[PDB]
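As structure tokens, one chain now follows by itself in the form deposited in one PDB entry.
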């Protein structure tokens, strides 16, 4: 019932419709992780859509999404931010976050102001696993005005997670696989030199996906499974 409910449903639906389609240049492949990028410059602004897939043993989609969304563990895995805070809590599954990013010479420092929502998308019936999604997308908020010290990036990011699993036995983490699709469409919000930006992305996206997925595996190991 919060004021962004209509926008959230639009953003989530568009991801479920378009973000799972099969793709674009391979940036890196390492184990089960594949990172792809489409080269796109629009009016000189580098928009380069990013899409990655991964298959992570021993964690569920619900777990992966909880850890990606939960701001309390953010600093345990995220390495590209200087500072962040929660501007507003909209619902138990929806918050607005302001954050500033590490500065990359020679461009101005970027900041971002986004709604971050976590949603369970049921299967047709409970015979099949639900999909979990976290969507982070830019919004306006009067408590976080555009400022003169940072260039305001505009983002649409999603992490979409599918969970793949004898007699009376218990399910073990060794027999669960989480298939992750991560998409990032980032508008840097102003001019940035293309070569510099592209080198940063090439390095930082795979770094993040490795670090983040390893983190969840480490923190869930030996804990009861949250489906």
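For clarity, a rigid core is taken as the largest C-alpha set superposing within 1.5 Å between two forms. Positions refer to the first chain, counted from 1.
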message: For the other entries of this protein included in the comparison (both sides of the residue modelled), is residue 193 absent in a third of them or more?
response: no
Residue 167 not built in a third or more of the other entries: yes
Unresolved deposited residues in the interval that joins residue 16 and residue 17: none
task: Please count the deposited residues lying between residue 165 and residue 166 that the model leaves without coordinates, and give the class: none, 1 to 3, 4 to 9, or 10 or more.
output: 1 to 3
- prompt: On average, which has the higher Cα B-factor in the deposited entry, 121-129 or 99-107?
  reply: 121-129
message: Tell me which stretch, 48-56 or 30-38, has the higher mean Cα B-factor listed in the entry.
response: 30-38
- prompt: Among 43, 181, 175, 187, which carries the highest Cα B-factor?
  reply: 175
- prompt: Taking the C-alpha B-factors as the PDB entry records them, is residue 192 in the lowest, middle or highest third of its chain?
  reply: highest
field: Position of residue 154 among the chain's modelled residues by C-alpha B-factor, lowest, middle or highest third
entry: lowest
message: Lowest, middle or highest third: which one holds residue 71 when the chain's residues are ordered by CA B-factor from the entry?
response: middle
field: residue 209 - Cα temperature factor, lowest/middle/highest third of chain
entry: lowest
query: Within this chain, which third does the Cα B-factor at residue 87 fall in: lowest, middle or highest?
result: middle
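Form deposited in another entry: not shown, discussed below.
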- line: Of the residues 126, 140, 92, 72, superposed on the core between the shown form and the other one, only the C-alpha of one moves by 2 Å or more, and that residue is 126
message: Thinking of the 3 angstroms or more shift, are the C-alphas of residue 83 and residue 145 brought closer or pushed farther apart in the other form than in this view?
response: closer
Closer or farther: C-alpha pair residue 147/residue 83 in the other form, relative to this form, given a change of 3 Å or more: closer
